[PDB]
Each structure stands twice: as structure tokens, then as C-alpha cells.
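Read the structure below first, then the notes.
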Amino acid sequence: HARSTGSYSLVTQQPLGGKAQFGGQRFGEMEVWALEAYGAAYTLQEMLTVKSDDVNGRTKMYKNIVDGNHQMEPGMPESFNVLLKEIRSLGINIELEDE
Amino acid sequence: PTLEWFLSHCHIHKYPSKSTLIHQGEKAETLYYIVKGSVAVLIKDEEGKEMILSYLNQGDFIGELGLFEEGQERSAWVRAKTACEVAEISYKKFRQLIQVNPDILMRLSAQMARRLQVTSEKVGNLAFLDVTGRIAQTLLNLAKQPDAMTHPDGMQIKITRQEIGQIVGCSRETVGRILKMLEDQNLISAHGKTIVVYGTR
Amino acid sequence: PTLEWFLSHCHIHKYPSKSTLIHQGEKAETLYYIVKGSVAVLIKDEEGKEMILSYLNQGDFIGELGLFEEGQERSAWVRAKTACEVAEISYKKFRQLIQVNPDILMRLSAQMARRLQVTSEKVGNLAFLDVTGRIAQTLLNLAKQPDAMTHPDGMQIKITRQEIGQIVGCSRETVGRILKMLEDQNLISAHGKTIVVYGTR
Amino acid sequence: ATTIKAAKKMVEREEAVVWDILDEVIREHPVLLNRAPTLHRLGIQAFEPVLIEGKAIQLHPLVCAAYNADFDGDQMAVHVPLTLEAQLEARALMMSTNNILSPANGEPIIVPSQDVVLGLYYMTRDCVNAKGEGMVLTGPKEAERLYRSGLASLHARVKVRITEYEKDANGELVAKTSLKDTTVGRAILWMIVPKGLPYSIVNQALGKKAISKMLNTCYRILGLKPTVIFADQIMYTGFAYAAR
Amino acid sequence: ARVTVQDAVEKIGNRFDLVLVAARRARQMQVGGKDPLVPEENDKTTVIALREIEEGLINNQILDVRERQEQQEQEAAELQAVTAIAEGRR
Amino acid sequence: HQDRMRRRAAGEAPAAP
Amino acid sequence: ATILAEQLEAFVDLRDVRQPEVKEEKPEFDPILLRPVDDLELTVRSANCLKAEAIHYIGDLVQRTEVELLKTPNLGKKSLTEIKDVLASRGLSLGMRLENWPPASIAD
Amino acid sequence: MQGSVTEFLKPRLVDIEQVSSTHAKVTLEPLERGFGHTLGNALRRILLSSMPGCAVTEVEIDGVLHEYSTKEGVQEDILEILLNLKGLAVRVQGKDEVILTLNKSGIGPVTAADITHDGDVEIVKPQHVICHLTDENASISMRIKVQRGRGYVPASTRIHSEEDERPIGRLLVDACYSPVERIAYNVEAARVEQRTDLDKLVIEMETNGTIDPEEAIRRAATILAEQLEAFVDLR
Amino acid sequence: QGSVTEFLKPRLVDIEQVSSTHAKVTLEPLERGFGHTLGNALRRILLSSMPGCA
Ligand SMILES: Nc1ncnc2c1ncn2[C@@H]1O[C@@H]2COP(=O)(O)O[C@H]2[C@H]1O
Ligand SMILES: Nc1ncnc2c1ncn2[C@@H]1O[C@@H]2COP(=O)(O)O[C@H]2[C@H]1O
């Protein structure tokens, strides 16, 4: 079995696996700490955003390796920008801020 | 490529069909550059028969020998085969374009190398290969031309036997007598001007 | 002047007679220049017949066509006629001298113009002029060459009966027949290779 | 192809699938072999992918000690880096040729397994059980048995190490400007080490434990290249004599 | 193993440094085209395929390093400004 | 570590900060 | 044993001058040929005559010849020389073979 | 054949890279799945067995009775004197056995050029030192002999006791009759840009100097061909 | 070097036809060493290098 492209949910926005299409290997947390030990960086944030959660950063990347270019930096995760509203309905206000 | 910075300060003139761009005997004081179309280079003798050396399409220069050594004469004739547009730049102003862009000189001097070869190889064709051999190659050359007419059996071309003698260098009678000579051996076919060869494709 | 600035980065290396300065098939990574003597350049067919395109005497360059466009091969064969001293300069280090001084390139491409005029105007004479006319013009052409020795009666040159046919475009048998014919009429002279013509000057 | 869309209808699901640039597309793009579970970090290493006919993932035999898995019917997933930044890190610390020693202690974790060690222990074999020391110039000469200073070790002396084996023969070999009495098997691997870095190995039966202290000192002074090269001839001469 | 890889970690007294040396610059070379690369074509990888060479890789540019230069926010601020890059069809 | 780098556009950005 | 003999005839010094293997393999194609005739910029006239003569792609026209297309009382010589003019830029011309044609269709 | 029975391509020699006068290269591209180990083994037992050539066999040094003995006038012992006699280049025209003499007295390592010149035997390596003197009294004089044989036989296998055709004087030394020193063959399934089942036969050979690497390949191969006359024809 | 018929040339001395399916032919002039190198370079030349019909 091998998967490269497939369908995605709405609120969840994650790689699935239908019938005709295969399924993607879920990068378990057990393989996250083993990577942090090396002291990496970009190869850790990718297995959290574009390669799963991030949606608008997944489509833009697909149009970068087709012409022989390079994909830019991912954006803000979808499971994070919705949490801001999820917590907002709990009588508590949350607001982002730069420097 | 070469087009980049060169056609910004020229002099459009355009030369009609069967015109005279270069006159063998005059002083070279004007450089030429082909933009669109084509042109044939040939020379004449004491009679009137012509002899085409090689064809030069677009992206080629015309008369660039009189640039290095001042005080020269036109080597060969340059008759415009079809309607083509050629620019005009004096050698005096051309030397100033090199000081600001030596790359332009690297292009013109690069084509002079290939032309020196195709001209030398043309001489050998008039010493080794005979009438039958030289014309045989012409049949395939005309078939590759855009004006060639494809044929289910082979290739159909429309060219007078007078022009052929100006390419291979011979009479018009020999071209015809030999043309039908290959017909008896079942190799090609001809019906006036239509020459349908076999083996192609 | 500029010539002296060119010999400041050369590699003096003498080449014996019947040597090989240019081998058709190898990679062009060395520019050659003639200081003294002379060298000949010719090609071959499928049988064994040679074909000299043009001769190169002292003050000329050897193998300069593979300089403009990087990534080429030796066109024709270049055999050392006599003991000549030739310099050596890689094309890589040469291109760097052009970007800083295009004038050096103005010298090399200056000799490539004359080598094209004596070839284009020669083809015409090899299609109309007969054996008598073609050879006649050749005698005067070789007399104008710097390698020619002054003769009390006329001019003394050294050329085989093959090289002559390679210039006028004909067989080697025909050359020998006419050559001996002019000897009976007391017009020229021949004793193997040395041909002393009369009427010149 | 000239269009991504046109190529999409090419390798769909028909009998039009044909090999092409598949060889060049994968040259310098390492992959992370993840065999769960993963305790330390050796569970996720990087190797240069090579195309091979089959429907299985071939794994290195010497690295099996890290993935602690057998080829009885297991299963392992593989990941592929997209960003170039990760592609560089895959050849910086994720690769296996740079993680030879053990982070915990300091002893080489990667050591000969079953076959690679069998071929070495076979070629490096004597017979011991000697008597003492004597002139011995003619009479004995029994194969390549271990001895102090006698047998064919003095009878057959050759300058070059080339002409020695052939018809199976041992004698005196020149190594580190000194005189020694060993066989062709006792100096078949101990002669390729000085090729890169000269050392000194005590005369003892080369085993799985003996090499452990060797790789360690072959990494103290030099970098990582001069030490990984030695782990090449060990594999070749590991499955050769293990078949005869 | 690989070509000139252990030589880059021995020349300088650090390993984590060599990372970004051929990371934030390598990925930047592609998003900026190829013109920013002023060094000669000599320092370039070699890929054997169809009797020719393609790609480019890196790890052969690290030669003239320095301490303090630019911050870290401008690396991709004026980079994508001077060159936009995209993909068009006929 | 983010202090030192290896960019400067290979000689086209040292005059950019 | 005869097979082995021929496997050594090159050492017995025999007059056999034959080249071993001079094959050049580099699988390539021209997907641009799979493009319709609506990429050459034509007029409504030709856009209605060709499609009426079973011409939907540029590969269905090149296979024919400009000597039999003159027989049809719905074409001409100016409707053929105009096509070849545009084909000059694409790199195609009348009288050339095709590969992998027709493209993806309804394979039975 | 004419009846079309082969249907397979037959390999053939094309180029011989002569990097030296003894060592060269013998390539063989045209190969199939099976013939790679066939030719690599059908000649392996010949270039390391059925090879003429010639080398040192017996050396009778004046003042020397045996090998374990000593010699006054030399730096190294007799044991090392025979050591540098295995790699001695010798090329005799047409003779099964030739005897050479060596008469030189003084100071200076005796070379191969000191041996009496003969219009028959050719010395490829004249700058080959075999002994070393020490003083005035130091003087060597032996009658080295080179003959033909068959293969390679060490001096430890061709030895019996202290009695022989000429005990006193002679000194048993390794005789490398076969011109070839060693032969190795590696299949190594090459992965060319195209075909998969493509392999080449790399024949590594390093002769001594008795014959030419070019004629050595054909010679050893012809011998094998002289063993198939009762198959291809015989009728 | 020499090279002048130093070895014996194999010749068909006698054939044996025990059956119409299996036979036992044999050559006589064979030196000690060619009875194995010629047998190994043939054992793998009749396991797939044979046409036939089916
Ligand atoms: N065989 C040829 N091939 C290309 N160009 C030519 C040929 N013969 C003559 N010419 C050109 O005709 C020109 C006549 O004037 P120029 O001497 O200035 O330069 C000459 C060449 O550029
Ligand atoms: N007709 C000719 N006139 C002048 N030089 C020539 C001629 N033909 C060949 N040459 C020279 O011969 C050389 C052969 O090698 P190159 O290609 O490097 O460069 C070639 C030219 O410089």
C-alpha cells in the first residue's frame, strides 16, 4: 500500500483513505521525540502542518514541485485557528499578537 | 541571444525579390543583418550563368568581412531570394557597439567559423561526387523544405532543370537525360517537372 | 603591441616534421599559433584521395574555430609540413583575456575573413573554366604566397601533381598529362615536385 | 511529457506504463526507514534509495542490529522528505554512516551479525596446541597451524603479500617494519587497516567482540570517512567464504 | 558513503552549523531561481543519467564563512521581493 | 546560532540590511 | 561445443569484422502531437472543413498527404500551405510517422 | 550459421589497452546470462595451469653448499638471495633450457647486465639486482639457469632431501614457469542506462615478460579451440 | 613461445547407442585438466540454449 494524494475532511482537514485510493501512514508521536533528539527543525514542523493539518499550505506546495521549484514556509495550522473560536465560546477571550 | 541589444539603432530598408544587396566589386562600408525571410548567395562568370553556394535564412549576417581590415571589396554576390527585411549598420558605428557590448562581436565572429566550413566543403562536392551523385542529394534536400509536396509513394518536388544546374554545376540537358535514365532502372519517376522519388519515408 | 601581449602567456614547443599538431577526434583545449615555417590542412574520403582546402603559412593561427563555441571537435587534419615553432594557449584562459581586452579577439577574427574570400571566389572558377584556365590561375595564386622563392626567370614553387588537382578540381592523371604538354612548348618546367613557371613578373 | 495534465492520463491504470527517468528522479533523495517501536534514534535512519525489481523493501544486514527485527514476515513503513532543508539534515545526522557509535556509552553499536562474522572467523583460523620453540626447518610443515616461530613461517619468506596464497601457503609477512609469523588469514584483514590508518592489533582470534575495540580507536583521531570505509570489505568477504 | 561530506564537519569545529550553511541558503537558491549563485559552475554535484548531468544539490559552496551578517527576517523578505517566480504555459 | 549564517546572496545582499 | 567454438572465434584470428552492440536507448515522445487542431490558430472556414473530414487532432491530418486532400471538393491549396506555415513553429510537417497514436481512447 | 540455428550474439575482442609491456586490459562486452561464468572458468584453469613461459629453477653459487648455510661477502643471508629470484624477467627465443654464467668481483650490487650477453636469451630487466657485496674480498659467481615447465611449483613441493642431480652447489628456488602470476574474475551485474541483464568480463592479467599480453590471450584460447575439432566438424 | 601441437587432439573413437532416447558417446584424446573445464562450459549450454518445439 502507498498513498500520495487523497481526500480531506472539513473541520478536521486531514489525510484519509477511501476505496480506490490508499491510506496514509499516521506519523505517531512515538516518532516525534526520536527526531527531537537529533535537534532538527524544519523536518519537525512539516509533520504537523502541510503534511496533515495545514490546508492552504498543502495546495500551494503541490504547485511548487511541478515546475521544479521549491515550497515556501507553511502557514497557520487549521486545528489551531479554530481552537481560538472553540475557547472563545467559554466565556474567555483570546487574541493573538506579534512582537 | 544576438537580438538582445542590436536592433535598437538600425536602418530598416527591406529588399524586394530578385534584388541586389551586395555588389561584388564595391567597397564594404555597410553591415547587414537578416531579421525575417531568407537570401541566396551566388556568383556569376563572363557569360550569365549563376552558381548558388549556400542558402542563408533569418538570424544571419550579410557582408561582415569588411569590418576588421579597412579597405576591402565585396567577395560574392548576395541576391535576395524572397521578400526579406535587412537592417543597415555602418562599420564605424559598429565598433562603438563592441566597446559597450563585446558579446555582440562574439556572436558575429562565431558564425564566420561555420561559414568557412560549409564553403570549403562545397568545393569538394565539385571534385568527388559527379552529376548523378550531386543531384541525388538535392532531391532529398528539397524534400525537407517546407515548400515540398509529400506523396504516398515518396516525395513530390517542383523545380526546373535550369535551377538544378545552378546548384550542382552543370547543363540543363544532362539533368534531364540522367533523370529519365534512372526511370529505366525503376528508381524514380518524372512527368515534366513533377519528380516523385522512392525509398523516402 | 597586442601580439607581444599574446606571446607572454604562450608555451614554446617545437614540432618535428611529419608530426601531428591536430588530431581529428580529440578535444580542442589548446590554441595554436604559427611563428616560422608553414603548415598544410587537408581532408580524406572513403578511398584514400586527399583534398586540401587552404594553405596556412607563417603569421597564421591553427585551430581557432573551436574557440567561439565551447564544446567542439577537430574538423580536419593538420599535418606539419616543415619544422615549425607553434605556441600553446588553452581556450579557458583565452576567454578571460577577451572579456578584459576584446582587441585581442579583433586580431584572430581578422584573418578569418581573407580565408573565406579566396574560397568563395574559387568555386565559380571550378564550374566554367576548363583545365587550362583553372591551372593557369593557380600558378599565379601560388606565386603570390610568401612561401614562394624568387627566381631569375620567374617564380619557383614546390607542389605535387595531386595538390594541383585538389585546387582546380580534377583527377591526378589529367594534371600529369597537361603538365608535360606545356614542357614541350617551352612554357614551364618540372622535375618531380618543383615547378618553375615562366612569364611571371 | 510537456504537460502535467497530459502525463496524468499516461501512468493511470493501463498497460501503457513504461520505465523512463524513474532512475534519475531518485539519486540524492534519502529516505527515513521507520520500524516501530522506536526507543532511541537508530530506529529512524536515512539511506540512499536504489531501484530494484520486486515488491519488497530490502534492508542492510549489518544494520539489522539497530532495528532489532528479523526477516520472517515483519513490516516497516518508509517516509520521504519534501523540503530541501530536511533533505540536508537527512545527510547530516539522520544518515546511518554518521551514527556508528552509541550515544549511551560509546561502543560501536553496529557489529557483525551471523554471516559476515562467519566468513571472517573461518579465514582467521589456526590450530594452536604447540610444543615450544626449535630450529624446525624440515619434517613438520602441517597446514597453517599456530606456532611460536617455526614451520613454514621461516621456510617460506616472501617480500610481497601478493604471491603467498594460491596453493594455500603461509610464511613471513612484512607489516609495520617488523618481523612476524602469521598466516594469510591472520593478515588478510589486518593489512587493509593500515591502508587508511595504521594501528596495532594483539595476536588473537578475530571475533565479534574483537572488532568492537577496533572501530572505537578508528574514530578517535580521524573524522567519519576513514572509519566507514573499513566497514565495506567486511561485508564482501563475509558472504564469500560462507558459501564454500 | 557520500562525496565531500565528512570533510565539511572536520574543517570547522561544529556540526549543527554546517546544517544551516547548506539549508537556509540551498532552499533559497531554488525560490530565487539560479542567478543569485555567482560562483562558477565548477562547484556542482554530478548525476550520471543519459550520458549527461542535471540537478545541482549543494554541500560544495561552503568555503568562505563569516560570523555576523544579516538578521533572519530579511532572508525571505527582499528575496521574494526582487524575484517573484511563478509558472506559466503557452 | 541564528546570529551567523551563509547567505548574503553570494555577494548581492551584504548591502541590504 | 560448437556454441563454445563461436564463443572464441575472435581469438583464432578470423576475418569477422562485426560491431558488438551499438544501441542507444532514451525513451522519449511528443505529447504535443496529442493536441487538437485548435492550437494552430485557424479560420472558421478551415475549422469546419477539417472537422468534417474526420480531423479533430493534428495527428489525424499529418498522416495524410497534400496530394489527395486536393481531390475533395471542399478544400484547396491555400488551406494546406497555411497549416504547414504554423506547423513550422511546432516542429511538425506533412509526411511524418507517428508514435503512440491514437492516444488514450476506448480500447476494447 | 546459414540455417539460422544460433539466434544469439557471439562476443569478440576489439581493443587492447596496453598500459605496460606485461600488464594490459581485455574487455568483453557481448555477454549473456550464463556465459559470464562459462568463459570466466573455461580459461581460468588455463591461464593458471597450462602456461609455458620460463623462470629460475636452479642456482649454483660458488662457496655455497646449502640454503641454511652462510656466505662471506654478502649483506643478506642465502635465504634472501633466492628470495629476489622469483620476479626475474627473462625472454628466450627458442630453447627449452638455457644456462647463464655470472663472473663479477668487486664492490657493487651485481645486476642482470653483468651476465654474459647471449644472442639467444633476451634480458628484459637488466637493472635487476640479485646480490650485494660488502668489500674487496666479496665476490659472487653462480651459474643461474632458466628453463620451461608447466604451471607453478614452489620450492617447498619440488624438494625431497639433500640428494639430487647435483646436491652441492644448487639452491632450490620458486620457479614461476607460467607467465601469468594471478587471474581473477568478477561477474558484477552491471546496471547500464538501458538493458538490465548486461554484464562484462573483466580479465585481469599480469604476466612477467616472457610473452606479449596481446598474443597471450589468443594463445591460451586457441589451445582450448584445439579441443573441439571432434564436435564442430569431424565428418 | 613456440606453439606447435603440444597437446592431443580429441577425436571420435566410438559411440554407444544403448537406446533411441539416451546415448553414451565419448572422446579419447583428453589431457588431465580438460576433462572438467570442457564439461563445465557445456553443462550450462544445454539447459536453456536449446530450441526445440512444443
Ligand atoms: N559561401 C558563402 N556563405 C556565406 N556567406 C557568404 C558566402 N560567400 C559570400 N558571402 C557573404 O557575401 C559578402 C560579400 O561582402 P563581404 O566581403 O563584406 O562579406 C561576404 C560574406 O559575408
Ligand atoms: N579552408 C580552410 N582555411 C583555413 N583554415 C582551415 C580551413 N580548413 C580547416 N582549417 C583549420 O584547420 C583546423 C582543424 O581544427 P579546428 O576545427 O580546431 O580548426 C580548423 C581550422 O582552423
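Identifiers for the C-alpha cells are assigned positionally: chains receive A, B, ... in sequence, residues are indexed from 1 per chain, and ligands are indexed from 1 in the order shown.
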
Legend entry - Residue contacts of region 35-37 of chain E (12 Å, only C-alpha atoms) excluding same-chain residues fewer than 2 positions away, as a list in words: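 In the requested form, the answer reads residues 25, 26, 28, 29, 30, 31, 32, 33, 39, 40, 41, 42, 43, 44, 56, 58, 61, 79, 82 and 83 of chain E; 7, 8, 9, 10, 11, 12 and 13 of chain F.
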
Write out the residues from the selection above, keeping N, CA and C atoms, as a PDB file, in the first residue's frame.
ATOM      1  N   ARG E  25      20.166  28.481   2.741  1.00  0.00           N
ATOM      2  CA  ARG E  25      20.738  29.059   1.532  1.00  0.00           C
ATOM      3  C   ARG E  25      20.383  28.203   0.320  1.00  0.00           C
ATOM      4  N   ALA E  26      20.417  26.887   0.501  1.00  0.00           N
ATOM      5  CA  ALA E  26      20.102  25.954  -0.575  1.00  0.00           C
ATOM      6  C   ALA E  26      18.651  26.092  -1.026  1.00  0.00           C
ATOM      7  N   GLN E  28      16.876  28.506  -0.620  1.00  0.00           N
ATOM      8  CA  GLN E  28      16.700  29.878  -1.074  1.00  0.00           C
ATOM      9  C   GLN E  28      17.144  30.037  -2.525  1.00  0.00           C
ATOM     10  N   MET E  29      18.050  29.167  -2.958  1.00  0.00           N
ATOM     11  CA  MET E  29      18.562  29.205  -4.322  1.00  0.00           C
ATOM     12  C   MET E  29      17.485  28.819  -5.331  1.00  0.00           C
ATOM     13  N   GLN E  30      16.592  27.921  -4.924  1.00  0.00           N
ATOM     14  CA  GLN E  30      15.530  27.445  -5.803  1.00  0.00           C
ATOM     15  C   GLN E  30      14.373  28.436  -5.887  1.00  0.00           C
ATOM     16  N   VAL E  31      14.026  29.039  -4.754  1.00  0.00           N
ATOM     17  CA  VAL E  31      12.936  30.008  -4.709  1.00  0.00           C
ATOM     18  C   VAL E  31      13.366  31.350  -5.293  1.00  0.00           C
ATOM     19  N   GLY E  32      14.659  31.481  -5.572  1.00  0.00           N
ATOM     20  CA  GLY E  32      15.197  32.701  -6.145  1.00  0.00           C
ATOM     21  C   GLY E  32      15.661  32.505  -7.575  1.00  0.00           C
ATOM     22  N   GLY E  33      15.440  31.305  -8.103  1.00  0.00           N
ATOM     23  CA  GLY E  33      15.835  30.983  -9.460  1.00  0.00           C
ATOM     24  C   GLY E  33      17.146  30.224  -9.518  1.00  0.00           C
ATOM     25  N   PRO E  39      29.076  32.059  -7.957  1.00  0.00           N
ATOM     26  CA  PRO E  39      30.254  31.207  -8.158  1.00  0.00           C
ATOM     27  C   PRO E  39      30.187  30.435  -9.472  1.00  0.00           C
ATOM     28  N   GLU E  40      31.338  29.974  -9.951  1.00  0.00           N
ATOM     29  CA  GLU E  40      31.408  29.239 -11.209  1.00  0.00           C
ATOM     30  C   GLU E  40      30.621  27.934 -11.140  1.00  0.00           C
ATOM     31  N   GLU E  41      30.451  27.292 -12.290  1.00  0.00           N
ATOM     32  CA  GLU E  41      29.709  26.038 -12.368  1.00  0.00           C
ATOM     33  C   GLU E  41      30.578  24.849 -11.968  1.00  0.00           C
ATOM     34  N   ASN E  42      31.789  25.135 -11.503  1.00  0.00           N
ATOM     35  CA  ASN E  42      32.719  24.090 -11.091  1.00  0.00           C
ATOM     36  C   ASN E  42      32.245  23.359  -9.839  1.00  0.00           C
ATOM     37  N   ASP E  43      31.889  24.124  -8.813  1.00  0.00           N
ATOM     38  CA  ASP E  43      31.404  23.551  -7.563  1.00  0.00           C
ATOM     39  C   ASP E  43      29.953  23.103  -7.696  1.00  0.00           C
ATOM     40  N   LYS E  44      29.750  21.957  -8.338  1.00  0.00           N
ATOM     41  CA  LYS E  44      28.408  21.430  -8.551  1.00  0.00           C
ATOM     42  C   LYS E  44      28.419  19.905  -8.568  1.00  0.00           C
ATOM     43  N   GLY E  56      21.596  19.772  -9.180  1.00  0.00           N
ATOM     44  CA  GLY E  56      22.553  20.732  -8.660  1.00  0.00           C
ATOM     45  C   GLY E  56      23.034  20.418  -7.256  1.00  0.00           C
ATOM     46  N   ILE E  58      24.073  20.614  -3.412  1.00  0.00           N
ATOM     47  CA  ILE E  58      24.867  21.627  -2.723  1.00  0.00           C
ATOM     48  C   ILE E  58      26.028  20.976  -1.963  1.00  0.00           C
ATOM     49  N   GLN E  61      29.513  24.576  -1.685  1.00  0.00           N
ATOM     50  CA  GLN E  61      29.610  26.031  -1.684  1.00  0.00           C
ATOM     51  C   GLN E  61      30.292  26.542  -0.418  1.00  0.00           C
ATOM     52  N   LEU E  79      14.184  38.776  -0.692  1.00  0.00           N
ATOM     53  CA  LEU E  79      14.445  37.689  -1.628  1.00  0.00           C
ATOM     54  C   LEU E  79      13.261  37.505  -2.571  1.00  0.00           C
ATOM     55  N   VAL E  82      12.688  40.952  -4.949  1.00  0.00           N
ATOM     56  CA  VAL E  82      13.418  41.177  -6.192  1.00  0.00           C
ATOM     57  C   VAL E  82      12.998  40.174  -7.263  1.00  0.00           C
ATOM     58  N   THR E  83      12.715  38.946  -6.839  1.00  0.00           N
ATOM     59  CA  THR E  83      12.265  37.903  -7.752  1.00  0.00           C
ATOM     60  C   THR E  83      10.964  37.283  -7.253  1.00  0.00           C
TER      61      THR E  83
ATOM     62  N   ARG F   7      24.553  33.357   3.723  1.00  0.00           N
ATOM     63  CA  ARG F   7      23.735  33.829   2.613  1.00  0.00           C
ATOM     64  C   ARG F   7      24.384  35.013   1.902  1.00  0.00           C
ATOM     65  N   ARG F   8      23.933  36.217   2.240  1.00  0.00           N
ATOM     66  CA  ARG F   8      24.413  37.436   1.596  1.00  0.00           C
ATOM     67  C   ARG F   8      24.236  37.367   0.081  1.00  0.00           C
ATOM     68  N   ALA F   9      23.331  36.500  -0.366  1.00  0.00           N
ATOM     69  CA  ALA F   9      23.074  36.308  -1.790  1.00  0.00           C
ATOM     70  C   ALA F   9      24.364  36.053  -2.564  1.00  0.00           C
ATOM     71  N   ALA F  10      25.329  35.424  -1.900  1.00  0.00           N
ATOM     72  CA  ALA F  10      26.614  35.099  -2.511  1.00  0.00           C
ATOM     73  C   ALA F  10      27.364  36.347  -2.972  1.00  0.00           C
ATOM     74  N   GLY F  11      26.956  37.503  -2.456  1.00  0.00           N
ATOM     75  CA  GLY F  11      27.581  38.761  -2.819  1.00  0.00           C
ATOM     76  C   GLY F  11      26.625  39.725  -3.497  1.00  0.00           C
ATOM     77  N   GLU F  12      25.353  39.665  -3.114  1.00  0.00           N
ATOM     78  CA  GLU F  12      24.345  40.559  -3.673  1.00  0.00           C
ATOM     79  C   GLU F  12      23.387  41.059  -2.595  1.00  0.00           C
ATOM     80  N   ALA F  13      23.710  40.759  -1.341  1.00  0.00           N
ATOM     81  CA  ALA F  13      22.868  41.147  -0.215  1.00  0.00           C
ATOM     82  C   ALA F  13      23.629  41.750   0.974  1.00  0.00           C
TER      83      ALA F  13
END

Legend entry - Cα RMSD of chain B after least-squares fit onto chain C, all atoms paired in order: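 Answer to one decimal place: 3.0 Å.
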
Inset, instruction - Please identify every polymer residue within 10 Å of ligand 1, using only C-alpha atoms and all ligand atoms, and present the set as number ranges by chain. - result: B: 21-32, 40-43, 52-56, 60-67, 72-79, 111-112, 114-120, 122; C: 113-114, 116-121, 123

Produce a table with one row for each residue of chain H that has an atom at most 8 Å from any atom of chain I, each row naming the nearest atom pair and its distance in Å at one decimal; use only C-alpha atoms; arrange rows by chain and rising residue number; format as a tab-separated table.
residue	atom	partner	partner_atom	distance
H:34	CA	I:44	CA	6.9
H:38	CA	I:41	CA	5.2
H:39	CA	I:41	CA	7.3
H:41	CA	I:37	CA	7.1
H:42	CA	I:37	CA	5.3
H:45	CA	I:37	CA	7.1
H:52	CA	I:1	CA	7.5
H:53	CA	I:1	CA	7.2
H:93	CA	I:1	CA	7.1
H:94	CA	I:1	CA	7.1
H:210	CA	I:1	CA	7.9
H:211	CA	I:1	CA	7.0
H:219	CA	I:3	CA	7.9
H:226	CA	I:9	CA	6.4
H:227	CA	I:10	CA	5.7
H:228	CA	I:10	CA	7.0
H:229	CA	I:10	CA	6.7
H:230	CA	I:11	CA	5.1
H:234	CA	I:11	CA	7.7

Inset, instruction - Kindly determine which residues of chain B lie within 10 Å of chain G, considering only C-alpha atoms, and give the answer as a list in words. - result: residues 143, 144, 145, 146, 147, 148, 149, 150, 151, 152, 154, 155, 156, 200 and 201 of chain B

Could those selected residues go to a file with N, CA, C and O atoms, as a CSV table (one decimal), in the first residue's frame?
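The resulting file, part-v1.csv, is reproduced below:
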chain,number,residue,atom,x,y,z
B,143,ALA,N,13.1,17.9,-50.5
B,143,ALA,CA,12.0,17.2,-49.9
B,143,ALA,C,11.9,17.6,-48.4
B,143,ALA,O,10.8,17.5,-47.8
B,144,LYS,N,13.0,18.1,-47.8
B,144,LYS,CA,13.0,18.5,-46.4
B,144,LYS,C,12.5,20.0,-46.3
B,144,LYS,O,12.1,20.4,-45.2
B,145,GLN,N,12.4,20.7,-47.4
B,145,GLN,CA,12.0,22.1,-47.5
B,145,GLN,C,10.5,22.2,-47.2
B,145,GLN,O,9.7,21.3,-47.6
B,146,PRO,N,10.1,23.3,-46.6
B,146,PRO,CA,8.6,23.5,-46.3
B,146,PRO,C,7.8,23.5,-47.5
B,146,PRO,O,6.6,23.3,-47.4
B,147,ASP,N,8.3,23.9,-48.6
B,147,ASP,CA,7.6,24.0,-49.9
B,147,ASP,C,7.5,22.7,-50.6
B,147,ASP,O,7.0,22.6,-51.7
B,148,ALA,N,8.0,21.6,-50.0
B,148,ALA,CA,7.9,20.3,-50.6
B,148,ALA,C,6.5,19.7,-50.5
B,148,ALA,O,5.8,20.0,-49.6
B,149,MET,N,6.2,18.8,-51.5
B,149,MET,CA,4.9,18.2,-51.5
B,149,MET,C,5.0,16.7,-51.3
B,149,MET,O,5.5,15.9,-52.1
B,150,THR,N,4.5,16.3,-50.1
B,150,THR,CA,4.5,14.9,-49.7
B,150,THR,C,3.8,14.0,-50.7
B,150,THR,O,2.8,14.5,-51.3
B,151,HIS,N,4.2,12.8,-50.8
B,151,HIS,CA,3.5,11.8,-51.7
B,151,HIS,C,3.4,10.4,-51.1
B,151,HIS,O,4.3,10.0,-50.5
B,152,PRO,N,2.3,9.8,-51.3
B,152,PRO,CA,2.0,8.4,-50.7
B,152,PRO,C,3.1,7.4,-51.2
B,152,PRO,O,3.4,6.5,-50.4
B,154,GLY,N,6.3,8.5,-52.4
B,154,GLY,CA,7.6,9.1,-52.0
B,154,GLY,C,7.5,10.6,-51.7
B,154,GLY,O,6.8,11.1,-50.8
B,155,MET,N,8.3,11.4,-52.5
B,155,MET,CA,8.3,12.8,-52.4
B,155,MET,C,8.1,13.5,-53.7
B,155,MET,O,8.8,13.2,-54.7
B,156,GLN,N,7.2,14.5,-53.8
B,156,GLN,CA,7.0,15.3,-55.0
B,156,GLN,C,7.5,16.7,-54.9
B,156,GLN,O,7.1,17.5,-54.0
B,200,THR,N,11.9,7.1,-49.8
B,200,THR,CA,11.8,8.1,-48.7
B,200,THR,C,10.6,7.6,-47.8
B,200,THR,O,9.7,7.0,-48.2
B,201,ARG,N,10.7,8.0,-46.5
B,201,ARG,CA,9.7,7.7,-45.6
B,201,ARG,C,9.6,6.2,-45.3
B,201,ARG,O,10.2,5.4,-46.0

Inset, instruction - From the DSSP assignment of the backbone, select every residue of chain B that is alpha helix (DSSP H), and format the answer as a PyMOL selection string. - result: chain B and resi 91-100+103-124+131-143+161-168+172-179+181-184

Inset, instruction - Give the strand (DSSP E or B) residues of chain I, as DSSP finds them on the backbone, and put them as a ChimeraX atom specification. - result: /I:12-14,26-27

Legend entry - Which of D:76, D:152, D:7, D:127 sits closest to chain H [using only C-alpha atoms]: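 Among D:76, D:152, D:7, D:127, it is D:152 that comes nearest to chain H.
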
Inset, instruction - Have a look at H:57, H:18, H:194, H:222 and name the one nearest to chain E; count only C-alpha atoms. - result: H:194

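When CA of residue 54 (chain E) is paired with CA of residue 25 (chain D), their separation reads 10.3 Å.
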
Legend entry - 12 Å contact set for residue 77 (chain H), only C-alpha atoms, chain neighbours under 5 positions out, as a ChimeraX atom specification: /H:64,66-72,82-84,130-133

Legend entry - Interatomic distance, CA of residue 57 (chain A) to CA of residue 78 (chain A) (Å, one decimal): 10.3 Å

Inset, instruction - Go ahead and compute the interatomic distance for CA of residue 132 (chain D) and CA of residue 200 (chain D), in Å to one decimal. - result: 25.1 Å
